[PDB]
Amino acid sequence: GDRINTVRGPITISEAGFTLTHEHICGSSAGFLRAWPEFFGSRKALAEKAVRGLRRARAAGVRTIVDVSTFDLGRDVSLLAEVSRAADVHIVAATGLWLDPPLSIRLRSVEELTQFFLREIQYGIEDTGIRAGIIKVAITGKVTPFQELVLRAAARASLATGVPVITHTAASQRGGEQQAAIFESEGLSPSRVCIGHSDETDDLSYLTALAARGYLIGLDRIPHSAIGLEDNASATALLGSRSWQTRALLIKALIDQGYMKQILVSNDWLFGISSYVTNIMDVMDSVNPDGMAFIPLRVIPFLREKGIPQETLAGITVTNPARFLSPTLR
Amino acid sequence: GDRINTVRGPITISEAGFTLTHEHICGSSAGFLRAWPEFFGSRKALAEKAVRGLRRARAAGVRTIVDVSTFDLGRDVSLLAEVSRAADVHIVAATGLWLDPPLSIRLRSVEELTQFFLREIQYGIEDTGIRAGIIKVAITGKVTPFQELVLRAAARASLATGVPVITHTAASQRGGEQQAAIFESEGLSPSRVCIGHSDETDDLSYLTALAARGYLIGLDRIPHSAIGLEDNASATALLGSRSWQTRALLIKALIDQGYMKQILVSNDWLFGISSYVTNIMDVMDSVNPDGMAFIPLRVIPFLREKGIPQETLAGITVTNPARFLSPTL
Ligand SMILES: C[As](C)(=O)[O-]
Ligand SMILES: [Zn+2]
Ligand SMILES: [Zn+2]
Ligand SMILES: [Zn+2]
Ligand SMILES: [Zn+2]
């Protein structure tokens, strides 16, 4: 209603403050952090880096992050709770599915996946009593048959709980349209849906069209634009070629179209990553040493220079996430 | 050298007794049992079912099972420890990889995979201090590039620690020769390798030639048969269309060729399954109500009736697994 579930329990809407709506403590795989913590140096080393990173974001104004790591991204909510306490930053946990479901998940029906997402929202994650405050889904291309199952289960869990849905759009193929078609077929309100990674395209008319329909637009990979690395071929399939200012101008463009209320902004950062080639974390930290503080330290000042008023920036970073996350069936 | 790691700690090879070398408490995926236990009704219900089944096996003479569930098969070694203790049956845990590695595993180098396998053998699984006593690997058809990394890491781990390797092939497949090539290229002794699910075909030429090279032959899916379940595409794809007697006759055939010392026998049973279609566990329990007791209760006397001496059967069910499991550098 007016309360959001975090890994430290419920908080009221006003407590959320400046919120980054798409982040990760660790990008991994189910079971991996507990089976092979030394991959990250140690669990303690990962925890400590994440606490410093969160404290840095906090000093830059951030009060809440949404960790949209799912089961199959190796989400460890006990780790989230630990670093949230030590850094005094709220963390909202996620249910849903990313792009690496194991057999025990890939073989499930839409009704089974609905029950899974529901248990993580209504009951808790694993045996921790920590409840998810968001549902995350991922698609590739035009949306695969299994991904459509996931999208429908997500819609149904959202409809039962009021908790919103956030998507990973991995396509050069105006990937939102097919997502929206499926969500709407299920009776889900666009206002419960963020179409994420929308800063991956320059297709403004496409983004504006979604915004006009009531979808939230996730401009949430701003620092992955990067710059400089064409020597590592596996650094263009995780970063990019456009500049971060180019991505950030999409924020101004949507504002100018009159859809400031539809925008969510984030870094899609993390403090550890195992679901990619070894040492990619070091490359990422080199390119973006600001980490999760990139949005408040770089993008916000950049927008202010481009004439975006304080109140509009506060609306995007405080009010929109608050309205989005607050569980709602209207 | 004479001590085997179990989920309750070290045991002497004399204490292992009648050993089933290829079994599962639960066939699942990494993290799945702890994220969604109510898929199995509850964790408590799964544990209770495993203990009832293990106790029936114990009654039938079974003293040790080897749970060859890997990380990616959802191995929960805390569950293994709980049901081992309650059933009072030794359970040897596994490291290695099966057919569902996640990205964080699929993208690793042969050196990294070797370190992971060594961790689970030398240090312990997760934070439990429970050490693996066997390395499990799996292939599908022609060994994929990634599967070849897994096989080489398994060989390197086995050579460093002396614990044996056990392999999977898919339903009705014959990949031992492919696997053996890679293992031997790493300098691994065939006596440290069990070519598993070798009862999937009746290619006796294939079986005897591996045996002649010193490989253990895993005739380990004996009760798996979908005879009478022809309308069920999922069951038949899983269990196959060959009778348990047909599978069991391969044990006799290899004995008759003089290879009794190379034979390992098991059920490849499990008490919960999430890594396949829903409610497949109920179908399998209907097929084989004996569960893991199927080998001592049905296969052993079947072979007795075919004239195999009791001492040969004891050699296969006790001595062979002991020689196999005992760490040898
Ligand atoms: C769990 As199996 C059928 O790969 O031995
Ligand atoms: Zn994403
Ligand atoms: Zn992400
Ligand atoms: Zn197998
Ligand atoms: Zn098996």
Side-chain angles (χ1 to χ4, degrees), chain A residues 102-104 106-107, chain B residues 19-30 32-33 40 46 50 53 57 65-76 79-80 91-101 132-141 143-144 147 150-151 154 164-176 178-179 193-201 216-226 229 232 234-242 244 247 264-277 280-281 283-285 287-288 291-292 294-295 321 324:
Chain A
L103 277 175
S104 294
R106 310 198 289 281
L107 296 183
Chain B
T19 298
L20 299 165
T21 56
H22 190 128
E23 303 299 336
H24 305 269
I25 299 304
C26 184
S28 190
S29 305
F32 185 89
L33 178 56
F40 307 96
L46 175 58
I65 73 172
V66 182
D67 188 328
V68 291
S69 305
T70 52
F71 173 74
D72 60 310
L73 262 171
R75 178 207 54 206
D76 185 333
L79 176 72
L80 273 51
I91 303 182
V92 175
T95 185
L97 293 166
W98 179 72
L99 295 175
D100 193 28
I134 194 164
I135 305 158
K136 161 71 174 293
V137 298
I139 64 159
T140 43
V143 179
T144 71
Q147 282 158 7
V150 175
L151 266 57
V165 176
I166 183 152
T167 78
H168 165 112
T169 352
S172 297
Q173 302 312 313
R174 280 170 308 171
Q178 241 185 126
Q179 306 184 120
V193 177
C194 176
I195 309 291
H197 306 340
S198 286
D199 54 314
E200 285 298 304
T201 78
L216 290 298
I217 310 305
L219 304 174
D220 54 32
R221 281 177 55 80
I222 311 303
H224 292 257
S225 175
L229 279 48
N232 195 334
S234 68
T236 299
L238 212 220
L239 292 161
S241 300
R242 271 159 76 262
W244 73 262
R247 295 177 182 274
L264 294 181
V265 171
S266 225
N267 309 273
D268 193 18
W269 213 244
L270 36 193
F271 298 113
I273 320 172
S274 58
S275 277
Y276 200 57
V277 300
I280 192 70
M281 183 78 280
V283 173
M284 290 174 57
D285 284 329
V287 164
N288 177 28
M292 298 183 183
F294 186 81
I295 294 308
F324 181 62

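When a ligand or atom number is given, it counts from 1 through the structure's own listing order. No hydrogens, no waters, no symmetry mates; every other heavy atom, side chains included, goes into these values. Lettering follows sequence order; numbering is per chain, from 1.
- Of the protein's heavy atoms, B/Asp268 OD2, 2.7 Å lies nearest to atom 5 (O) of ligand 1.
- Around the Zn ion (ligand 4), the angle linking B/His197 (NE2) with B/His168 (ND1) is 100°, rounded to 10 degrees.
- Taking the six-membered ring for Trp, B/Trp98 and B/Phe71 have ring centres at least 6.0 Å apart.
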Would you please test B/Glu200 and B/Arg247 for salt bridge (charged side-chain N to carboxylate O under 4.0 Å, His left out) and show each step?
CA-CA 7 Å; B/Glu200 285 298 304; B/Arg247 295 177 182 274; 2.8 Å; yes
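- Between B/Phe271 atom CZ and B/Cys26 atom SG the span is 11.0 Å, to the nearest 0.5 Å.
- The side chain to side chain contact (heavy atoms under 4.5 Å, CB included) with B/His197 is formed by just one residue from the set B/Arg174, B/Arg221, B/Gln173; it is B/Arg221.
- Scanning all protein heavy atoms for the shortest distance to atom 3 (C) of ligand 1 gives B/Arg221 NH1, 3.3 Å.
- The distance between the ring centers of B/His22 and B/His168 does not fall below 6.0 angstrom.
- Here the two rings, on B/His224 and B/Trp269, have centers that are under 6.0 Å apart.
- What sits closest to atom 1 (C) of ligand 1 on the protein, heavy atoms only, is B/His24 NE2, 3.6 Å.
- Among the atoms of B/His22, an N, O or S atom is found under 2.8 Å from the Zn ion (ligand 5).
- Which parts of ligand 1 touch B/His22 is read off a 4.0 Å heavy-atom cut-off, strictly below it: atoms 5 (O).
- Of all the N, O or S atoms in B/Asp268, the one closest to the Zn ion (ligand 5) is OD1.
- Contact record, B/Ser29 with B/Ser275: OG-OG, 3.5 Å, taken as the closest heavy-atom pair.
- Considering backbone and side-chain N/O of B/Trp98, one or more are found under 3.5 Å from N/O of ligand 1.
- Inclusion of B/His24 in the first shell of the Zn ion (ligand 5) is supported: an N, O or S atom falls under 2.8 Å.
- Ligand 1 lies within reach of B/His197, whose nearest heavy atom is under 4.0 Å from it.
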